[PDB]
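Below you will find one chain, with nothing else, as C-alpha cells; this is the form deposited in one PDB entry, and questions on how it binds or moves follow later.
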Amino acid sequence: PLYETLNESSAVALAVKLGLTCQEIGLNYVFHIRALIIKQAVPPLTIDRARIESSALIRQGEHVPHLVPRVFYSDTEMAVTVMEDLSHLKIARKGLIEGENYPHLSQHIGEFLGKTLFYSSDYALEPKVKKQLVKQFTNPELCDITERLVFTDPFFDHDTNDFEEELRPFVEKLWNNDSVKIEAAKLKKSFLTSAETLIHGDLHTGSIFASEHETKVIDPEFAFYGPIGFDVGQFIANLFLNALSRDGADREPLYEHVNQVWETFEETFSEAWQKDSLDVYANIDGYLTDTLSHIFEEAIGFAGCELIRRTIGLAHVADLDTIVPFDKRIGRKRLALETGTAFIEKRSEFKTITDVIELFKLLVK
C-alpha cells in the first residue's frame, strides 16, 4: 500500500521531488512550505475525499481559475493535494464576525456559483459525458454527513444535536411541526436524488478565503452531483447567520450580499445558458425563467435547513456561538430556527430575492 502519513520533513521532501521551512497549520494535515500548501487526508472518514477535492478544484479551475486555489499536483493513494498558498487571506466567516464587509464577496461568489453550477450540468454537457462525471464524483460518505446533519438530525430528537436547554421549547416546537418536516423531507429527497450538476457541497463562509479585493472558494471535499440550488442556499444562509450575529445598521452589508449573490448568480447562469447550452430547448421563451424559479425555490428551502442545522445540530457556526450576552445568544438562535422554518415552508411563495430579505428583516426586528 502506497499510503504513508506525512510530517513536516516528508512534506518538504515531496515538494522537492515534484520540482516545485515547513509548519503544519491544519482530519486533515496542512503543510505550509514563494510558498506552497500540501494538504493530506488522515484516516471516521475515507481518505478518498482527497481525490474528490482535487478533481473538483481542477474542474472549478477550468471555468473560474481566479476564484479557487491552483492545484500543482495530486495523488489519490497518498491522499495528497499540492496547491496554491492563500495564507495572506482570511477565512470569510472570521473576517465577517470581526466586522470586515468584503465589498466584492457576493459578486465573486455569485460568479463562482453561476459558472460552476452551469458548466457541469446537462445544460452544458453531452448527457453521456455528464453521466461519467456523476460516477467519478460519487461521494457516499461525505454525502452521508450532509444527509444526516443538514437534512435529518436537527428535525428529531437525535443524539448528534447540540443546543442550550433554554432553547428546548422552540426546538420541540420544530420537532412537533409535521408540515415543515414533510418539507425538510422533500428537500432531503432532492439532495439524495437530483443529480443536476457538480456542486461544492459545503459552501459556507468558513470555506472561503477573502480580502477586500480577493475571494477564493476552498475545500470542495463534499463535491458530488446534486441539486443546483444547494450551494446557493447554503451560502445565503451563512450570510443571514452573520446578519443575526450583528445588530442594527451593521446588518446591511450582509443583506446587500444576499441580494447581490442571487443577482450575480442569476445573471452569470443566464449568460452561460445563452452562450453555451447544448439543449435544443434552451432558446424557448420562458424555459430559462422557469428553470431559475425552481433553482430559487430550492435554494431558499436549503438555506432554511442550513439556518436550523447550524443552530441546534452537531456543527455550529461561530457567528451564533460567540454572540454575547447569553440571553441575547438564545434570542438570536430562536430567530435562526424561526427564519429557517419560514424559509422552508414559504420557499415557493417568494418571487424575488428582495422578498426573502424583507421577510427575514421583518422576523428579526
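So that there is no doubt, residue numbering starts at 1 and follows the sequence shown.
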Discussion item. Of the other PDB entries for this protein whose models extend past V12 on both sides, does at least a third leave it without coordinates?
Written reply: no
Discussion item. Does the chain run continuously from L20 to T21, or are deposited residues unmodelled in between? Answer none, 1 to 3, 4 to 9, or 10 or more.
Written reply: 4 to 9
Item to complete: Could you tell me how many residues of the deposited sequence sit unmodelled between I33 and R34 (none, 1 to 3, 4 to 9, 10 or more)?
Response: 4 to 9
Worksheet item: When the C-alpha temperature factors are averaged for each of 77-85 and 195-203, which stretch ends up with the higher value in the entry?
Response: 77-85
Fill in: Per the entry, higher mean C-alpha B factor between 68-76 and 251-259
68-76
Fill in: Selection by C-alpha B-factor (highest) of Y225, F235, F118, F170
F170
Worksheet item: Which has the highest CA B-factor per the PDB entry: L335, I308, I38, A299?
Response: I38
Worksheet item: With respect to C-alpha B-factor, does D162 fall in the lowest, middle or highest third of the chain as deposited?
Response: middle
Worksheet item: Hey, what third does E141 fall into on Cα B-factor, ranked over its chain?
Response: middle
Discussion item. By the recorded C-alpha temperature factor, relative to the other modelled residues in its chain, which third is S10 in?
Written reply: highest
Worksheet item: By the record's CA B-factor, is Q107 among the lowest, middle or highest third of residues in the chain?
Response: middle
Item to complete: Would you mind ranking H213 by its C-alpha B-factor against the rest of the chain and naming the third, lowest, middle or highest?
Response: highest
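This protein has a second form, the form deposited with a small molecule bound, left out of what is shown; the following refers to that one.
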Item to complete: Please determine, with the chain shown alone, which of 78-86, 270-278, 242-250, 105-113 has non-hydrogen atoms within 4.5 Å of the small molecule in the deposited bound form.
Response: 78-86
Worksheet item: Given that the small molecule is left out here, which of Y255, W175, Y73, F209 has a heavy atom within 4.5 Å of it in the deposited bound form?
Response: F209
Practice prompt. May I ask you to choose, among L125, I91, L288, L133, the residue with a heavy atom within 4.5 Å of the small molecule in the deposited bound form?
Written response: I91
Fill in: Check all three, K39, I218 and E221, heavy atom within 4.5 Å of the small molecule in the deposited bound form
yes
Worksheet item: Is there a heavy atom of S55 no more than 4.5 Å from a heavy atom of the small molecule in the deposited bound form?
Response: no
Worksheet entry | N28: touches the small molecule in the deposited bound form, heavy atom cutoff 4.5 angstroms | yes
